[PDB]
$ cat work38.cif   # mmCIF, C-alpha atoms and all ligand atoms
data_query
#
loop_
_atom_site.label_atom_id
_atom_site.label_comp_id
_atom_site.auth_asym_id
_atom_site.auth_seq_id
_atom_site.Cartn_x
_atom_site.Cartn_y
_atom_site.Cartn_z
CA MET A 40 -11.03 -29.59 12.51
CA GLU A 41 -7.27 -29.86 12.87
CA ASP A 42 -4.49 -30.01 15.53
CA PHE A 43 -1.62 -27.55 14.84
CA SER A 44 1.43 -27.13 17.10
CA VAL A 45 3.87 -24.98 15.16
CA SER A 46 7.40 -23.52 15.29
CA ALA A 47 8.29 -20.82 17.84
CA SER A 48 9.54 -18.79 14.82
CA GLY A 49 7.06 -18.13 12.06
CA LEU A 50 5.36 -15.70 9.68
CA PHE A 51 1.63 -15.06 9.34
CA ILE A 52 0.17 -13.92 6.02
CA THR A 53 -3.33 -12.42 6.02
CA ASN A 54 -5.37 -12.92 2.88
CA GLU A 55 -8.13 -10.37 2.32
CA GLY A 56 -9.97 -12.61 -0.10
CA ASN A 57 -12.49 -10.93 -2.40
CA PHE A 58 -14.39 -7.98 -0.85
CA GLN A 59 -18.07 -9.10 -0.36
CA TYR A 60 -17.41 -12.87 -0.93
CA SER A 61 -16.26 -13.97 2.59
CA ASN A 62 -13.17 -16.04 1.50
CA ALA A 63 -10.48 -14.36 3.59
CA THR A 64 -7.94 -16.83 5.04
CA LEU A 65 -4.85 -17.02 7.20
CA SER A 66 -1.52 -18.45 6.08
CA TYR A 67 1.40 -19.57 8.23
CA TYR A 68 4.95 -19.82 6.76
CA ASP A 69 7.90 -21.45 8.51
CA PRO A 70 11.15 -19.78 7.16
CA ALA A 71 13.32 -22.58 8.55
CA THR A 72 11.42 -25.34 6.62
CA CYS A 73 10.27 -23.06 3.80
CA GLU A 74 6.86 -24.68 4.25
CA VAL A 75 3.55 -22.84 3.92
CA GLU A 76 0.29 -23.88 5.60
CA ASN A 77 -2.90 -22.33 4.14
CA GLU A 78 -6.40 -21.64 5.60
CA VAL A 79 -5.08 -22.30 9.12
CA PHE A 80 -7.74 -20.39 11.07
CA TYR A 81 -10.52 -22.37 9.42
CA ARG A 82 -8.68 -25.67 9.73
CA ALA A 83 -7.85 -24.98 13.41
CA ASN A 84 -11.27 -23.65 14.51
CA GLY A 85 -14.05 -25.15 12.29
CA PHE A 86 -15.19 -21.72 11.15
CA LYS A 87 -14.31 -19.25 8.45
CA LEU A 88 -12.54 -15.98 9.13
CA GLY A 89 -14.93 -13.78 7.07
CA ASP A 90 -14.46 -10.84 4.74
CA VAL A 91 -11.21 -8.81 4.22
CA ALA A 92 -8.68 -9.96 6.82
CA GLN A 93 -6.76 -6.66 6.95
CA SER A 94 -3.91 -6.91 9.46
CA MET A 95 -2.60 -8.75 12.48
CA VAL A 96 -0.54 -7.98 15.58
CA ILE A 97 1.08 -10.39 18.04
CA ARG A 98 1.42 -9.56 21.71
CA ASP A 99 2.21 -11.76 24.70
CA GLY A 100 1.62 -15.16 22.97
CA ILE A 101 -1.68 -14.04 21.36
CA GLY A 102 -2.40 -13.09 17.73
CA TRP A 103 -4.90 -10.37 16.99
CA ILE A 104 -6.50 -10.62 13.53
CA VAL A 105 -8.53 -7.68 12.22
CA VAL A 106 -11.31 -8.86 9.87
CA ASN A 107 -12.27 -5.58 8.24
CA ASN A 108 -15.59 -6.41 6.67
CA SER A 109 -16.85 -8.85 9.35
CA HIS A 110 -16.79 -6.26 12.22
CA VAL A 111 -14.55 -8.41 14.39
CA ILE A 112 -11.04 -9.03 15.69
CA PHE A 113 -10.05 -12.64 16.44
CA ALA A 114 -7.61 -13.46 19.21
CA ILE A 115 -5.91 -16.78 18.44
CA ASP A 116 -3.22 -18.75 20.24
CA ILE A 117 -0.19 -18.33 17.92
CA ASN A 118 1.08 -21.96 18.24
CA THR A 119 -2.32 -23.72 17.79
CA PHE A 120 -4.24 -21.00 15.84
CA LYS A 121 -7.32 -21.73 18.03
CA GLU A 122 -9.44 -18.70 19.07
CA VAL A 123 -9.13 -17.61 22.74
CA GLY A 124 -11.66 -14.75 22.23
CA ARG A 125 -12.98 -12.10 19.81
CA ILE A 126 -14.23 -8.46 19.81
CA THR A 127 -17.48 -7.58 17.99
CA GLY A 128 -18.96 -4.17 17.32
CA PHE A 129 -16.32 -2.59 15.04
CA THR A 130 -17.92 -0.58 12.22
CA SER A 131 -15.13 -1.57 9.81
CA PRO A 132 -11.79 -2.14 11.58
CA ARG A 133 -8.33 -1.57 10.02
CA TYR A 134 -5.40 -1.67 12.53
CA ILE A 135 -4.82 -2.44 16.20
CA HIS A 136 -2.32 -0.55 18.33
CA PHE A 137 -1.69 -1.61 21.95
CA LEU A 138 -0.87 0.98 24.64
CA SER A 139 -1.03 -1.61 27.45
CA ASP A 140 -2.42 -5.03 28.39
CA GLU A 141 -5.77 -3.30 29.09
CA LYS A 142 -5.90 -0.62 26.37
CA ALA A 143 -5.63 -0.58 22.58
CA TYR A 144 -6.84 1.64 19.72
CA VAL A 145 -8.55 0.10 16.68
CA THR A 146 -8.84 2.29 13.57
CA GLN A 147 -11.88 2.14 11.24
CA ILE A 148 -13.07 3.01 7.73
CA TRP A 149 -16.59 4.63 7.38
CA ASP A 150 -16.35 5.85 11.00
CA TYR A 151 -14.89 9.09 12.36
CA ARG A 152 -14.01 7.44 15.67
CA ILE A 153 -11.08 5.39 16.74
CA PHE A 154 -12.36 2.67 19.05
CA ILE A 155 -10.68 2.23 22.43
CA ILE A 156 -10.70 -1.44 23.57
CA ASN A 157 -9.63 -3.52 26.58
CA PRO A 158 -7.74 -6.59 25.25
CA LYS A 159 -7.83 -8.50 28.57
CA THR A 160 -11.68 -8.39 28.86
CA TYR A 161 -12.37 -8.32 25.06
CA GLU A 162 -14.53 -5.20 25.15
CA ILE A 163 -14.85 -1.76 23.56
CA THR A 164 -14.28 0.86 26.30
CA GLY A 165 -14.56 4.10 24.35
CA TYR A 166 -14.08 6.19 21.22
CA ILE A 167 -11.78 8.98 20.00
CA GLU A 168 -13.66 11.46 17.82
CA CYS A 169 -11.70 12.58 14.76
CA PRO A 170 -12.19 16.32 13.85
CA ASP A 171 -13.50 17.36 10.34
CA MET A 172 -14.61 13.83 9.70
CA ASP A 173 -17.98 12.11 9.33
CA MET A 174 -19.10 8.50 9.06
CA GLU A 175 -19.85 8.31 5.33
CA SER A 176 -16.32 9.37 4.20
CA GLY A 177 -14.42 8.59 7.46
CA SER A 178 -11.02 6.83 7.62
CA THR A 179 -8.38 6.14 10.20
CA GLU A 180 -5.68 3.61 9.33
CA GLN A 181 -2.15 2.80 10.57
CA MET A 182 -0.65 4.13 13.80
CA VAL A 183 2.80 4.75 15.34
CA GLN A 184 3.87 5.66 18.92
CA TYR A 185 5.92 8.78 19.70
CA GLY A 186 6.17 8.98 23.51
CA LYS A 187 2.72 9.82 24.99
CA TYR A 188 1.44 10.49 21.44
CA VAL A 189 -0.02 8.30 18.72
CA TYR A 190 0.18 9.36 15.08
CA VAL A 191 -2.39 7.95 12.64
CA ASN A 192 -2.90 8.26 8.85
CA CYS A 193 -6.35 9.09 7.47
CA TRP A 194 -6.64 7.03 4.31
CA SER A 195 -9.89 6.76 2.24
CA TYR A 196 -11.21 10.19 1.18
CA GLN A 197 -8.89 11.91 3.67
CA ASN A 198 -5.52 13.66 3.52
CA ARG A 199 -4.33 13.98 7.11
CA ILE A 200 -2.00 12.71 9.77
CA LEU A 201 -3.56 13.13 13.20
CA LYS A 202 -1.83 13.32 16.54
CA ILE A 203 -3.55 11.69 19.49
CA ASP A 204 -2.60 12.38 23.12
CA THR A 205 -2.96 8.88 24.69
CA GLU A 206 -3.06 10.32 28.27
CA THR A 207 -6.38 12.13 27.44
CA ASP A 208 -7.46 9.93 24.45
CA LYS A 209 -7.99 12.96 22.21
CA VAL A 210 -6.84 14.25 18.86
CA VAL A 211 -4.51 17.20 19.62
CA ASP A 212 -3.02 18.11 16.21
CA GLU A 213 -3.25 17.36 12.50
CA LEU A 214 -1.19 17.85 9.34
CA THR A 215 -2.64 18.08 5.82
CA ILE A 216 -0.69 16.44 2.97
CA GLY A 217 -1.53 14.78 -0.33
CA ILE A 218 -4.72 12.77 -0.67
CA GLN A 219 -5.14 9.33 0.88
CA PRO A 220 -1.98 8.55 2.86
CA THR A 221 -1.99 4.77 2.94
CA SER A 222 0.38 3.62 5.70
CA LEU A 223 2.69 4.88 8.47
CA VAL A 224 6.09 3.95 9.94
CA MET A 225 8.48 5.63 12.39
CA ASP A 226 12.20 5.48 11.54
CA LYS A 227 14.99 5.35 14.13
CA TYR A 228 15.36 9.18 13.98
CA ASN A 229 11.72 9.60 15.05
CA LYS A 230 10.79 10.70 11.56
CA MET A 231 7.55 9.28 10.19
CA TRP A 232 7.15 7.98 6.65
CA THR A 233 3.80 7.87 4.84
CA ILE A 234 3.03 7.27 1.12
CA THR A 235 -0.18 8.34 -0.61
CA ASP A 236 -2.09 6.26 -3.24
CA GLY A 237 -3.05 9.33 -5.32
CA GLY A 238 -6.81 8.65 -5.20
CA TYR A 239 -8.41 6.96 -8.26
CA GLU A 240 -9.78 7.95 -11.67
CA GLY A 241 -13.34 9.28 -11.53
CA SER A 242 -13.07 9.65 -7.71
CA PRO A 243 -15.43 12.32 -6.21
CA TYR A 244 -12.68 13.28 -3.73
CA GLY A 245 -9.79 13.47 -6.21
CA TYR A 246 -7.02 11.96 -8.29
CA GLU A 247 -3.39 13.14 -8.34
CA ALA A 248 0.32 12.28 -8.53
CA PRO A 249 1.04 10.47 -5.19
CA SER A 250 3.89 11.30 -2.77
CA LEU A 251 6.19 9.67 -0.27
CA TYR A 252 6.79 11.92 2.74
CA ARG A 253 9.15 12.11 5.69
CA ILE A 254 7.58 13.93 8.64
CA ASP A 255 9.45 14.93 11.79
CA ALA A 256 7.52 13.65 14.85
CA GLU A 257 8.78 16.39 17.20
CA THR A 258 7.83 19.35 14.91
CA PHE A 259 5.07 17.43 13.08
CA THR A 260 6.28 18.82 9.71
CA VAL A 261 7.24 17.55 6.26
CA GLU A 262 11.02 17.40 5.80
CA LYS A 263 11.20 15.49 2.50
CA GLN A 264 8.79 14.74 -0.32
CA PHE A 265 9.12 12.27 -3.19
CA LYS A 266 6.41 12.82 -5.73
CA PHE A 267 5.58 10.16 -8.35
CA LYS A 268 3.36 10.09 -11.47
CA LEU A 269 -0.37 10.46 -12.07
CA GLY A 270 -1.73 6.91 -12.29
CA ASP A 271 0.82 5.59 -9.83
CA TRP A 272 -0.90 3.92 -6.89
CA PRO A 273 1.71 3.44 -4.12
CA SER A 274 1.27 1.67 -0.79
CA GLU A 275 2.83 -0.13 2.16
CA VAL A 276 5.76 1.73 3.73
CA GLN A 277 7.80 -0.83 5.66
CA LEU A 278 11.08 -0.59 7.65
CA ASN A 279 13.87 -2.99 8.41
CA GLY A 280 14.58 -3.98 12.00
CA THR A 281 17.05 -1.11 12.59
CA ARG A 282 14.44 1.28 11.18
CA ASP A 283 16.95 2.89 8.86
CA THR A 284 15.95 1.31 5.50
CA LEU A 285 12.56 1.92 3.94
CA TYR A 286 10.63 -0.12 1.34
CA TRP A 287 7.29 0.50 -0.40
CA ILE A 288 5.20 -0.59 -3.42
CA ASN A 289 4.90 1.51 -6.55
CA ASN A 290 4.45 -0.98 -9.43
CA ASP A 291 7.92 -2.18 -8.35
CA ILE A 292 9.25 -2.65 -4.86
CA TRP A 293 11.45 0.29 -3.89
CA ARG A 294 14.18 0.56 -1.23
CA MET A 295 15.76 3.72 0.14
CA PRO A 296 17.95 4.66 3.15
CA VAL A 297 15.87 6.88 5.43
CA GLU A 298 18.67 9.52 5.29
CA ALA A 299 18.80 9.65 1.46
CA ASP A 300 17.71 12.74 -0.50
CA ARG A 301 16.63 10.82 -3.60
CA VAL A 302 14.89 7.61 -4.50
CA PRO A 303 17.45 5.30 -6.16
CA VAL A 304 16.89 4.90 -9.95
CA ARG A 305 16.78 1.07 -9.70
CA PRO A 306 14.07 -0.65 -7.54
CA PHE A 307 14.65 -3.51 -5.10
CA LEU A 308 12.31 -5.72 -7.22
CA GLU A 309 11.21 -4.88 -10.73
CA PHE A 310 7.52 -4.67 -11.75
CA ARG A 311 6.61 -7.86 -13.66
CA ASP A 312 3.04 -6.99 -14.84
CA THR A 313 1.38 -8.45 -11.68
CA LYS A 314 0.09 -6.77 -8.55
CA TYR A 315 2.58 -6.44 -5.69
CA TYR A 316 0.21 -5.89 -2.81
CA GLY A 317 1.77 -6.85 0.50
CA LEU A 318 5.21 -6.15 1.93
CA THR A 319 7.32 -6.97 5.02
CA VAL A 320 10.97 -6.98 6.20
CA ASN A 321 12.18 -9.65 8.58
CA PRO A 322 13.21 -7.60 11.69
CA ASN A 323 16.21 -9.80 12.59
CA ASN A 324 17.73 -10.75 9.20
CA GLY A 325 16.49 -8.04 6.79
CA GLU A 326 14.93 -10.53 4.31
CA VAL A 327 12.17 -9.00 2.25
CA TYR A 328 8.82 -10.72 1.57
CA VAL A 329 6.62 -9.48 -1.24
CA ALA A 330 2.94 -10.56 -1.42
CA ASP A 331 1.70 -10.63 -5.02
CA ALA A 332 -2.07 -10.61 -5.57
CA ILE A 333 -1.36 -11.26 -9.29
CA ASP A 334 -4.82 -10.58 -10.74
CA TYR A 335 -6.90 -10.22 -7.53
CA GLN A 336 -8.63 -13.56 -8.29
CA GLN A 337 -6.18 -16.48 -8.33
CA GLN A 338 -4.16 -17.78 -5.37
CA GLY A 339 -1.61 -15.18 -4.31
CA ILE A 340 2.13 -15.71 -4.19
CA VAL A 341 4.78 -14.52 -1.71
CA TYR A 342 8.38 -14.11 -2.85
CA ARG A 343 11.16 -14.19 -0.20
CA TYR A 344 14.31 -12.14 -0.84
CA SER A 345 17.69 -11.61 0.74
CA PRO A 346 18.37 -7.98 1.81
CA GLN A 347 20.66 -7.95 -1.29
CA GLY A 348 17.69 -8.73 -3.58
CA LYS A 349 18.35 -12.44 -4.39
CA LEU A 350 15.29 -14.71 -4.40
CA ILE A 351 15.26 -17.27 -1.57
CA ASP A 352 11.83 -18.91 -1.72
CA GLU A 353 8.33 -18.57 -3.10
CA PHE A 354 5.06 -20.01 -1.90
CA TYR A 355 1.35 -19.82 -2.78
CA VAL A 356 -0.95 -18.29 -0.17
CA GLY A 357 -4.65 -17.23 -0.23
CA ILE A 358 -6.57 -14.68 -2.25
CA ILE A 359 -5.26 -11.09 -2.31
CA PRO A 360 -2.53 -11.44 0.43
CA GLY A 361 -2.18 -7.94 1.86
CA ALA A 362 -0.32 -8.07 5.21
CA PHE A 363 2.16 -10.04 7.30
CA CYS A 364 2.85 -10.60 10.96
CA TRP A 365 6.11 -11.91 12.39
CA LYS A 366 6.15 -14.46 15.17
CA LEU A 367 9.72 -14.27 16.47
CA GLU A 368 11.41 -16.32 19.16
CA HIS A 369 14.08 -13.58 19.76
CA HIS A 370 13.87 -9.85 18.96
CL CL B 1 -8.32 -19.41 7.30
#
$ encode --input "work38.cif" --output "structure tokens" --more "lines below"
Ligand SMILES: [Cl-]
Amino acid sequence: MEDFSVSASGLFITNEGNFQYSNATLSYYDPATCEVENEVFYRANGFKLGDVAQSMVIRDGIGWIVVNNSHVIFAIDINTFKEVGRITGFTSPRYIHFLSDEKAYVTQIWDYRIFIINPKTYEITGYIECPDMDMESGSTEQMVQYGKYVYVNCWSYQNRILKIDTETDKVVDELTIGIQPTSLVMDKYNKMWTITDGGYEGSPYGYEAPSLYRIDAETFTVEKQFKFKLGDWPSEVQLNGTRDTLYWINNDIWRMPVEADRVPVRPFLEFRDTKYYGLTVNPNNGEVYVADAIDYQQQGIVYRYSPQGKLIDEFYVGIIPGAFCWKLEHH
């Protein structure tokens, strides 16, 4: 059990590990030293993280790690990585969205409810019931704020964006699109971007050419659609800090101005017969980090790029690195 006291500026990489093998880990990268530290939760705390670390959000000096398949969210101190508390009772958590110090939503797979939680007391306070959704095929996923509203994508065996009114904690609208929207971002024009994964071969629910969509938040309608190829399996819409440049995964890493009418012919980073899996854009300097799962078995690798596409650094992380979380000194 180990004493960490790290940089005020930093990058966390969550490593899902192998679903049903409890080898998920946390990585911490220092961009100023170009040094990675691996398995930092375990080293810091004396216990393992669990199964499928999904995502992670930092608020007010505290890091909130969603461990999807261990029914828990760890709160760690972000400088020491020691746990300050945890929340148990999630069916299968995905993403955490704070509305205040005392109120956050936590999405779930295999549940039709979004859990309301109190972060100060470390408790579950309620549930938002999703319409046309059961437990066996249920999915809520990533979330964005638009005023009093929260928008959420319904991922596994679903095909909807839902609108929640946060003042009443209830689902007030929905929009049906292509199957299995994977992720959700809000650009600086208050237009949402989601990209579907197209389902999978043999799926009971379906399997189709996936799409990238731009959806106006005010009118909750599709303004643009970029449709890809059967067998494509896109994911991970991400924005730059000014929220005017969008990246995602589709074999390659792709980059497009939010105002563009076409995807550029050339990608940001070319497919190299691996598995680009995670993605993030540094919100201050526009540097792009690409998490490569490679073969879903070996140690993953993160590549760091300049906004102009030139490789800066690369570093080994844990198994299937899927998500990132910025610890920034200045915003
Ligand atoms: Cl760890």
$ atom_distance --input "work38.cif" --atom1 "CA of residue 241 in chain A" --atom2 "CA of residue 219 in chain A"
14.9 Å
$ closest_residue --input "work38.cif" --among "A:305, A:152, A:82, A:133" --to "residue 121 in chain A" --atoms "all atoms listed in the file"
A:82
$ closest_atom_pairs --input "work38.cif" --of "chain A" --to "ligand CL 1 (chain B)" --cutoff "9 Å" --atoms "all atoms listed in the file" --output "JSON lines"
{"residue": "A:53", "atom": "CA", "partner": "B:CL1", "partner_atom": "CL", "distance": 8.7}
{"residue": "A:54", "atom": "CA", "partner": "B:CL1", "partner_atom": "CL", "distance": 8.4}
{"residue": "A:62", "atom": "CA", "partner": "B:CL1", "partner_atom": "CL", "distance": 8.3}
{"residue": "A:63", "atom": "CA", "partner": "B:CL1", "partner_atom": "CL", "distance": 6.6}
{"residue": "A:64", "atom": "CA", "partner": "B:CL1", "partner_atom": "CL", "distance": 3.5}
{"residue": "A:65", "atom": "CA", "partner": "B:CL1", "partner_atom": "CL", "distance": 4.2}
{"residue": "A:66", "atom": "CA", "partner": "B:CL1", "partner_atom": "CL", "distance": 7.0}
{"residue": "A:77", "atom": "CA", "partner": "B:CL1", "partner_atom": "CL", "distance": 6.9}
{"residue": "A:78", "atom": "CA", "partner": "B:CL1", "partner_atom": "CL", "distance": 3.4}
{"residue": "A:79", "atom": "CA", "partner": "B:CL1", "partner_atom": "CL", "distance": 4.7}
{"residue": "A:80", "atom": "CA", "partner": "B:CL1", "partner_atom": "CL", "distance": 3.9}
{"residue": "A:81", "atom": "CA", "partner": "B:CL1", "partner_atom": "CL", "distance": 4.3}
{"residue": "A:82", "atom": "CA", "partner": "B:CL1", "partner_atom": "CL", "distance": 6.7}
{"residue": "A:83", "atom": "CA", "partner": "B:CL1", "partner_atom": "CL", "distance": 8.3}
{"residue": "A:84", "atom": "CA", "partner": "B:CL1", "partner_atom": "CL", "distance": 8.9}
{"residue": "A:86", "atom": "CA", "partner": "B:CL1", "partner_atom": "CL", "distance": 8.2}
{"residue": "A:87", "atom": "CA", "partner": "B:CL1", "partner_atom": "CL", "distance": 6.1}
{"residue": "A:88", "atom": "CA", "partner": "B:CL1", "partner_atom": "CL", "distance": 5.7}
{"residue": "A:89", "atom": "CA", "partner": "B:CL1", "partner_atom": "CL", "distance": 8.7}
{"residue": "A:357", "atom": "CA", "partner": "B:CL1", "partner_atom": "CL", "distance": 8.7}
$ residues_near_point --input "work38.cif" --point "(-6.5, -11.6, -1.0)" --cutoff "8 Å" --atoms "all atoms listed in the file" --output "tab-separated table (two decimals) with C-alpha atoms, in the coordinates of the input"
chain	number	residue	atom	x	y	z
A	53	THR	CA	-3.33	-12.42	6.02
A	54	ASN	CA	-5.37	-12.92	2.88
A	55	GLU	CA	-8.13	-10.37	2.32
A	56	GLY	CA	-9.97	-12.61	-0.10
A	57	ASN	CA	-12.49	-10.93	-2.40
A	63	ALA	CA	-10.48	-14.36	3.59
A	91	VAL	CA	-11.21	-8.81	4.22
A	332	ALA	CA	-2.07	-10.61	-5.57
A	335	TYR	CA	-6.90	-10.22	-7.53
A	336	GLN	CA	-8.63	-13.56	-8.29
A	338	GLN	CA	-4.16	-17.78	-5.37
A	339	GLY	CA	-1.61	-15.18	-4.31
A	357	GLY	CA	-4.65	-17.23	-0.23
A	358	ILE	CA	-6.57	-14.68	-2.25
A	359	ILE	CA	-5.26	-11.09	-2.31
A	360	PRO	CA	-2.53	-11.44	0.43
A	361	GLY	CA	-2.18	-7.94	1.86
$ atom_distance --input "work38.cif" --atom1 "CA of residue 316 in chain A" --atom2 "CA of residue 288 in chain A"
7.3 Å
$ closest_residue --input "work38.cif" --among "A:97, A:169, A:293, A:150" --to "residue 135 in chain A" --atoms "all atoms listed in the file"
A:97
$ closest_residue --input "work38.cif" --among "A:353, A:140, A:298, A:116" --to "residue 341 in chain A" --atoms "all atoms listed in the file"
A:353
$ closest_residue --input "work38.cif" --among "A:179, A:313, A:319, A:197" --to "residue 337 in chain A" --atoms "only C-alpha atoms"
A:313
$ atom_distance --input "work38.cif" --atom1 "CA of residue 47 in chain A" --atom2 "CA of residue 282 in chain A"
23.9 Å
$ residues_around --input "work38.cif" --residues "residue 74 in chain A" --least-positions-apart "5" --cutoff "12 Å" --atoms "all atoms listed in the file" --output "PyMOL selection string"
chain A and resi 45-46+49-50+66-69+341+352-356
$ closest_residue --input "work38.cif" --among "A:193, A:278, A:162, A:348" --to "residue 309 in chain A" --atoms "all atoms listed in the file"
A:348
$ closest_residue --input "work38.cif" --among "A:129, A:107, A:251, A:151" --to "residue 164 in chain A" --atoms "all atoms listed in the file"
A:129
$ closest_atom_pairs --input "work38.cif" --of "range 218-276 of chain A" --to "range 180-185 of chain A" --cutoff "10 Å" --atoms "all atoms listed in the file" --output "JSON lines"
{"residue": "A:220", "atom": "CA", "partner": "A:180", "partner_atom": "CA", "distance": 8.9}
{"residue": "A:221", "atom": "CA", "partner": "A:180", "partner_atom": "CA", "distance": 7.5}
{"residue": "A:222", "atom": "CA", "partner": "A:181", "partner_atom": "CA", "distance": 5.5}
{"residue": "A:223", "atom": "CA", "partner": "A:181", "partner_atom": "CA", "distance": 5.7}
{"residue": "A:224", "atom": "CA", "partner": "A:183", "partner_atom": "CA", "distance": 6.4}
{"residue": "A:225", "atom": "CA", "partner": "A:183", "partner_atom": "CA", "distance": 6.5}
{"residue": "A:229", "atom": "CA", "partner": "A:185", "partner_atom": "CA", "distance": 7.5}
{"residue": "A:230", "atom": "CA", "partner": "A:185", "partner_atom": "CA", "distance": 9.7}
{"residue": "A:231", "atom": "CA", "partner": "A:183", "partner_atom": "CA", "distance": 8.3}
{"residue": "A:233", "atom": "CA", "partner": "A:181", "partner_atom": "CA", "distance": 9.7}
{"residue": "A:256", "atom": "CA", "partner": "A:185", "partner_atom": "CA", "distance": 7.1}
{"residue": "A:257", "atom": "CA", "partner": "A:185", "partner_atom": "CA", "distance": 8.5}
$ residues_around --input "work38.cif" --residues "residue 202 in chain A" --least-positions-apart "2" --cutoff "12 Å" --atoms "all atoms listed in the file" --output "VMD selection string"
chain A and resid 167 169 to 170 179 182 to 193 199 to 200 204 to 205 207 to 215 256 to 260
$ write_last_selection --input "work38.cif" --atoms "C-alpha atoms" --output "compact mmCIF listing (two decimals), in the frame of the given file"
# COMPACT_ATOMS: atom_id res chain seq x y z
CA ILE A 167 -11.78 8.98 20.00
CA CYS A 169 -11.70 12.58 14.76
CA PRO A 170 -12.19 16.32 13.85
CA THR A 179 -8.38 6.14 10.20
CA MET A 182 -0.65 4.13 13.80
CA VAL A 183 2.80 4.75 15.34
CA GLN A 184 3.87 5.66 18.92
CA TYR A 185 5.92 8.78 19.70
CA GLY A 186 6.17 8.98 23.51
CA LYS A 187 2.72 9.82 24.99
CA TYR A 188 1.44 10.49 21.44
CA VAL A 189 -0.02 8.30 18.72
CA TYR A 190 0.18 9.36 15.08
CA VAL A 191 -2.39 7.95 12.64
CA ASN A 192 -2.90 8.26 8.85
CA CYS A 193 -6.35 9.09 7.47
CA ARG A 199 -4.33 13.98 7.11
CA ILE A 200 -2.00 12.71 9.77
CA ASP A 204 -2.60 12.38 23.12
CA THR A 205 -2.96 8.88 24.69
CA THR A 207 -6.38 12.13 27.44
CA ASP A 208 -7.46 9.93 24.45
CA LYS A 209 -7.99 12.96 22.21
CA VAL A 210 -6.84 14.25 18.86
CA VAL A 211 -4.51 17.20 19.62
CA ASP A 212 -3.02 18.11 16.21
CA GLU A 213 -3.25 17.36 12.50
CA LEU A 214 -1.19 17.85 9.34
CA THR A 215 -2.64 18.08 5.82
CA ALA A 256 7.52 13.65 14.85
CA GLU A 257 8.78 16.39 17.20
CA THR A 258 7.83 19.35 14.91
CA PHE A 259 5.07 17.43 13.08
CA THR A 260 6.28 18.82 9.71
$ residues_around --input "work38.cif" --residues "residue 125 in chain A" --least-positions-apart "4" --cutoff "9 Å" --atoms "only C-alpha atoms" --output "MDAnalysis selection string"
chainID A and resid 103 111:115 161:162
$ residues_around --input "work38.cif" --residues "residue 90 in chain A" --least-positions-apart "2" --cutoff "6 Å" --atoms "only C-alpha atoms" --output "list in words"
residues 61, 63, 108 and 109 of chain A
